[PDB]
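Working notes for the structure below.
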Amino acid sequence: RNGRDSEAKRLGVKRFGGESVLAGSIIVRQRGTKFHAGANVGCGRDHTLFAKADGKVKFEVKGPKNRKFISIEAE
Amino acid sequence: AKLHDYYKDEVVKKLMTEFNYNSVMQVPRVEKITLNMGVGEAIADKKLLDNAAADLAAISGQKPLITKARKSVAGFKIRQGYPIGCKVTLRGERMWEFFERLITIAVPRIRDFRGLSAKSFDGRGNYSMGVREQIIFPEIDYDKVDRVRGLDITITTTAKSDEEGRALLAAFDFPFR
Amino acid sequence: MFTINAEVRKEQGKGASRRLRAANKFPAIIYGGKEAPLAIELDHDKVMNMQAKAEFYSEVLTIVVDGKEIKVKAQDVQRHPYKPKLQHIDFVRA
Amino acid sequence: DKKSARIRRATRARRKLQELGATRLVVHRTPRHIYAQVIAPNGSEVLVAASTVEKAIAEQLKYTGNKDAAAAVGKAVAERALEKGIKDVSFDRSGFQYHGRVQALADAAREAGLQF
Amino acid sequence: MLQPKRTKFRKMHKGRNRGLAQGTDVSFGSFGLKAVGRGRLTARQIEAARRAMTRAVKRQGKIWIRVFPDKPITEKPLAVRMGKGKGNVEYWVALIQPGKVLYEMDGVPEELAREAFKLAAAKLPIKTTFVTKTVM
Amino acid sequence: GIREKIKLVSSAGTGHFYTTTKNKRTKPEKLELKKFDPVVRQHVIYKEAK
RNA sequence: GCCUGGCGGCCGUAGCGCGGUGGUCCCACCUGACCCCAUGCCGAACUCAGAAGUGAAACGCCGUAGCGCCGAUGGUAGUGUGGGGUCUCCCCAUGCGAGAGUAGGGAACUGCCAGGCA
RNA sequence: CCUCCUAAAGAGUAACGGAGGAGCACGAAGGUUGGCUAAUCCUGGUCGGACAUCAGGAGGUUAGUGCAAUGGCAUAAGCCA
RNA sequence: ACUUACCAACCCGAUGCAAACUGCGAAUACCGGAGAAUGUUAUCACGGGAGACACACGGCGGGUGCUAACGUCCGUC
Ligand SMILES: [Mg+2]
Ligand SMILES: [Mg+2]
Ligand SMILES: [Mg+2]
Ligand SMILES: [Mg+2]
Ligand SMILES: [Mg+2]
Ligand SMILES: [Mg+2]
Ligand SMILES: [Mg+2]
Ligand SMILES: [Mg+2]
Ligand SMILES: [Mg+2]
Ligand SMILES: [Mg+2]
Ligand SMILES: [Mg+2]
Numbered sequence: 009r010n011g012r013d014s015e016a017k018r019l020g021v022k023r024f025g026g027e028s029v030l031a032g033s034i035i036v037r038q039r040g041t042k043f044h045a046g047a048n049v050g051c052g053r054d055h056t057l058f059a060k061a062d063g064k065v066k067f068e069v070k071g072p073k074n075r076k077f078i079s080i081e082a083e
Numbered sequence: 001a002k003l004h005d006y007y008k009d010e011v012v013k014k015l016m017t018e019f020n021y022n023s024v025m026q027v028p029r030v031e032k033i034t035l036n037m038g039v040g041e042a043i044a045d046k047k048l049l050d051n052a053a054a055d056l057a058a059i060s061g062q063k064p065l066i067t068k069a070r071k072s073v074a075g076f077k078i079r080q081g082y083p084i085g086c087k088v089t090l091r092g093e094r095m096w097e098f099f100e101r102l103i104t105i106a107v108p109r110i111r112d113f114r115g116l117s118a119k120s121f122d123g124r125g126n127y128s129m130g131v132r133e134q135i136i137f138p139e140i141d142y143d144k145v146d147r148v149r150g151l152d153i154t155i156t157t158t159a160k161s162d163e164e165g166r167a168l169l170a171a172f173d174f175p176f177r
Numbered sequence: 001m002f003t004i005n006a007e008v009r010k011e012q013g014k015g016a017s018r019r020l021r022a023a024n025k026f027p028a029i030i031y032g033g034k035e036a037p038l039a040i041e042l043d044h045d046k047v048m049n050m051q052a053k054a055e056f057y058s059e060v061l062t063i064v065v066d067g068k069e070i071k072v073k074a075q076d077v078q079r080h081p082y083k084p085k086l087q088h089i090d091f092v093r094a
Numbered sequence: 002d003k004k005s006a007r008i009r010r011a012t013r014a015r016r017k018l019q020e021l022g023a024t025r026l027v028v029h030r031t032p033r034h035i036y037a038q039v040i041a042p043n044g045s046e047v048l049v050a051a052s053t054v055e056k057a058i059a060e061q062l063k064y065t066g067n068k069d070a071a072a073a074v075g076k077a078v079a080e081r082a083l084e085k086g087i088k089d090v091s092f093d094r095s096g097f098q099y100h101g102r103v104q105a106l107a108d109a110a111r112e113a114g115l116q117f
Numbered sequence: 001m002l003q004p005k006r007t008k009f010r011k012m013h014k015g016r017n018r019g020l021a022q023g024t025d026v027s028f029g030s031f032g033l034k035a036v037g038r039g040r041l042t043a044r045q046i047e048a049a050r051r052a053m054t055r056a057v058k059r060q061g062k063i064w065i066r067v068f069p070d071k072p073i074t075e076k077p078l079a080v081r082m083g084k085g086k087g088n089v090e091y092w093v094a095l096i097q098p099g100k101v102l103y104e105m106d107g108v109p110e111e112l113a114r115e116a117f118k119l120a121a122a123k124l125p126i127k128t129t130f131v132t133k134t135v136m
Numbered sequence: 003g004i005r006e007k008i009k010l011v012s013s014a015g016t017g018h019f020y021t022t023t024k025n026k027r028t029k030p031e032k033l034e035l036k037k038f039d040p041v042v043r044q045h046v047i048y049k050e051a052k
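Sequence lines, in order, name chains CX, CF, CW, CP, CN and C2.
Residue 74 in PDB author numbering sits at position 66 of the first sequence, with consecutive numbering throughout.
Residue 97 in PDB author numbering sits at position 97 of the second sequence, with consecutive numbering throughout.
Residue 41 in PDB author numbering sits at position 41 of the third sequence, with consecutive numbering throughout.
Residue 84 in PDB author numbering sits at position 83 of the fourth sequence, with consecutive numbering throughout.
Residue 113 in PDB author numbering sits at position 113 of the fifth sequence, with consecutive numbering throughout.
Residue 28 in PDB author numbering sits at position 26 of the sixth sequence, with consecutive numbering throughout.
The following block contains the structure:
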């Protein structure tokens, strides 16, 4: 009565903290906002996070709910 | 407006003198009067709510708000969000004029009157009770009722204790039993 | 009233302590008050018997370490998982 | 509950300034008095400020707390920013409805050569 | 026979029985029966062993059972081809690691608890030992 | 399915049309919406909902 | 330099809890509501004019270890590499090493601006 | 086809392994602007019944998300205009 | 309206269990950066010629089965 599963969506982190990226490069594919867009980083309709500027990826935890935020500082 | 003035000149002073309160802004003051009509059986007869609403208007010109079922529950063969009651929030001039419409020209006219119970301050100074027959308000005549309909009244206060609720109303006479 | 003879530990971690128990000794520790913790090594057979009389867990014991004396009380104890022995004990300089 | 309701109502508009790097014009209103400041995108140093608690433009007001008073406060912040060099900002009404006094302060700021 | 009344799932990955036990001091009574060897207790074994101590003590003394089946064991019956799905639940076991207090007792003299818990050890599939309450 | 495809025709002669869906039971009237006609380059009114 | 309004930083050692507290200035309820605005009803809010009272509510500060929170040391469990026995498991060398608990710390620290008190 | 899982803490990973779902819905159940906050204990209250409705505090997203699971959600993605 | 050798949620302290529970949480492993040494350029691109898609065992991590199989299916050496 079983016998089913779903195809893997290849999510996870594509660019980690400390990596040079251009603008538009995808950094994380996600379902919810496990990670949030921080300063100079943008959010697409499926919560895919992408670079809005050339620079290096930076993971930090900020604010009162200890959420993970990803930003990009220009280099 | 008559009962807001009478509260200040005499009751403020008196209430200070029970527990010997230090500040005039600490004496509980009557804030608001809220009327509600629980219809409950409007789900079968949809018009019973319409006839309930107009009842409140003559008691308190203020057009009533209709309260929804919130939780669906088959335990009463009901829907959710379908109207099942109505409410009116009184403050300022009308609240004081409505309060008048209650003791002076209704209470002498209560059915089998010997006084009301005094144990029902839920524990924090707010008072709640009910009346069975709404023809006791004189804007409501007897020749104009399509129903033996009624309505609970609950008052809300700034007293912090049950003791501080009894002294505030006592100072407004209030029949008590 | 009980007096325990102890030597100071020269090593630390799982290897030495399993080696200690492999050498029929076992570690314990002294902490409390303003002074620093004191890593010690004890002879196994002596403390097993001592703590078999309730007096051990409620009296002030005396530890003799390098011929001095630290006054402590038993505070916590790790016992062997299923054998009648001891893995570690906490003493507090109370 | 009175004060806390307004602070939450304003937060969303403030995060956009954080994302955008915007310089915001922050208003605080009280029944007794109205206040206007100018804060940098970093949020912690005020480049310009002006209010009714200041003796200059405040005694010359009928009540330090009406639409005209708000209008007096509004007039002062726009120019003062000019006296330093700050000119394009965005208005952060800090959760008050944009309406009574709050609109007088904003209208006065625009009239006196401020782009927002 | 002890058994979970309900579980989220009928069937369970085999899993393992690594590591050491958490239930290692006598926490309710005065004396205890402790697991030494490692393994799985069926619900029928736990019941047979629980009976032995109750025969021996008459309707005296209180007994606590510290382990609980919780783990479902499946089997494929005879004459079945491999594959074609996981077996049907037949009985229930608890995973035991050395050191788990299995049974405790208090309300009899120590000498009788050792005898009473002992007339149980012959029912268990793992070696056991008698343990006592200990100060601290 | 149980939701029909319709065509929206530009009320400016152009032969541009949009395609969408509709619950024809629950929504029997003709759907009417402003859309951009790439030929007249303006947001003109669109009709039809068969 | 002490106090309060405003804007953030850090993001529970920053918080409840109970006891005390302050109103000249600020904040705060607050009084009137005909009009800018307003109640799926009500000047409660939204809020316009207002300053007679008021620290009572809350707001701000302080004391407070009943609760949360921070939580060593030493040990235990695991584990990557090598090898080893009783090879459903564990052990030895080696480096990394929990979690819970424990003695313990604990009633936040700040930059700015404005106003009020020396 | 989708979601979780075995999957050994990046991606992927197998079997007639373990549990569920999709073949639709929406003209607003879409954009935006303003604005809004659940579940459930205790007590009190007209017909109040364990649980229609008004009130008080305790409580703090267990509510909610057009439906399967997962991750999200308060600046709300939830609710209303 | 009462009692009650009955059953008994919530609530609290004690106590274990969970692949599809996590307010904690490694060891490895992967990404990225720079740097010395060593390395038959081991790297990347493009193009020419193929074979290959029946696998086995052992170690460990696992589902399955009986922690049964010279069983079986993956991950890895
Ligand atoms: Mg080792
Ligand atoms: Mg006070
Ligand atoms: Mg620790
Ligand atoms: Mg993975
Ligand atoms: Mg009730
Ligand atoms: Mg991996
Ligand atoms: Mg080559
Ligand atoms: Mg093939
Ligand atoms: Mg071949
Ligand atoms: Mg084979
Ligand atoms: Mg293979």
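For every residue, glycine included, the Cβ atom is placed at its ideal position computed from N, Cα and C.
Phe58 (chain CX) is the residue among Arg9 (chain CX), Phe58 (chain CX), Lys64 (chain CX), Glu27 (chain CX) whose C-alpha sits nearest the C-alpha of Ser33 (chain CX).
Just measuring C-alpha positions, the residue of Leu2 (chain CN), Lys8 (chain CN), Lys14 (chain CN), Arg114 (chain CN) sitting nearest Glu75 (chain CN) is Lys14 (chain CN).
When secondary structure is reduced to three states using DSSP, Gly75 (chain CF) falls in the helix class. Between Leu119 (chain CN) and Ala52 (chain CN), the C-beta spacing is below 7 Å.
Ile103 (chain CF) and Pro28 (chain CF) have their C-alpha atoms spaced approximately 20 Å apart. Sequence-distant Cβ neighbours of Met48 (chain CW) in its own chain, meaning closer than 8 Å and more than five residues away, are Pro84, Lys85, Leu86.
For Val26 (chain CN), there are no C-beta contacts with chain CW under 8 Å, since the nearest C-beta of that chain is about 11 Å from it. Taking one beta carbon from each stretch, the stretch 64-80 of chain CP and the stretch 105-117 of chain CP have 3 or more pairs nearer than 8 Å; the two touch. When Cβ-Cβ separations below 7 Å define contact, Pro125 (chain CN) makes no contact with chain CW. If you draw a straight line from the Cα of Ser13 (chain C2) to the Cα of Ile47 (chain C2), it is about 6 Å long. At a cut-off of 7 Å between beta-carbon atoms, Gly99 (chain CN) makes contact with chain CW. Look at the stretch 73-98 of chain CN and you find these whole runs of beta strand (DSSP E), each 3 residues long or longer: 88-96.
Between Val67 (chain CN) and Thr129 (chain CN), the gap from beta carbon to beta carbon reaches 7 Å or more.
Residue environment for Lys88 (chain CP): exposed (fewer than 16 other C-beta atoms within 10 angstroms of its C-beta). Straight through space, the alpha carbons of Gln97 (chain CN) and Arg18 (chain CW) are spaced by roughly 20 Å.
Here the C-alpha atom of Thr65 (chain CP) lies approximately 6 Å from the C-alpha atom of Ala59 (chain CP). When 8 Å is used as the limit between beta carbons, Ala54 (chain CW) is near these residues of chain CN: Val135, in chain order. Across the set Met12 (chain CN), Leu112 (chain CN), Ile126 (chain CN), the C-alpha of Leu112 (chain CN) shows the shortest separation from the C-alpha of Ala56 (chain CN).
When secondary structure is reduced to three states using DSSP, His4 (chain CF) falls in the helix class.
With a threshold of 7 Å between beta carbons, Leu41 (chain CN) makes no contact with chain CW. Flagged as an interface residue toward chain CW: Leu20 (chain CN), by a C-beta distance shorter than 7 Å. Under DSSP, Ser52 (chain CP) forms a beta bridge with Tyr36 (chain CP). Bridge partners of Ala28 (chain CW) according to DSSP: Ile40 (chain CW).
Rounded to the nearest angstrom, the gap between the Cα atoms of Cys86 (chain CF) and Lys8 (chain CF) is 32 Å. Contact between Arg7 (chain CP) and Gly96 (chain CP) holds: their C-beta atoms lie close to 3 Å from each other, under 8 Å. Counting along the chain, the unbroken alpha helix (DSSP H) around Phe99 (chain CF) starts and ends at 92-103. A distance below 6 Å between beta-carbons, with the five flanking residues on each side excluded, links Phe38 (chain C2) to the following residues of its chain, in chain order: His45. In the DSSP assignment, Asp108 (chain CP) falls within the unbroken alpha helix (DSSP H) covering 102-112. The C-beta distance from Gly99 (chain CN) to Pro81 (chain CW) rounds to 4 Å, short enough to fall under 8 Å. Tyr31 (chain CW) has a beta carbon lying at 7 Å or more from every beta carbon in chain CN. The criterion of a C-beta distance shorter than 7 Å is satisfied by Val135 (chain CN) and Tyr57 (chain CW). Going by DSSP, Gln45 (chain CN) is part of the alpha helix (DSSP H) stretching over 43-56.
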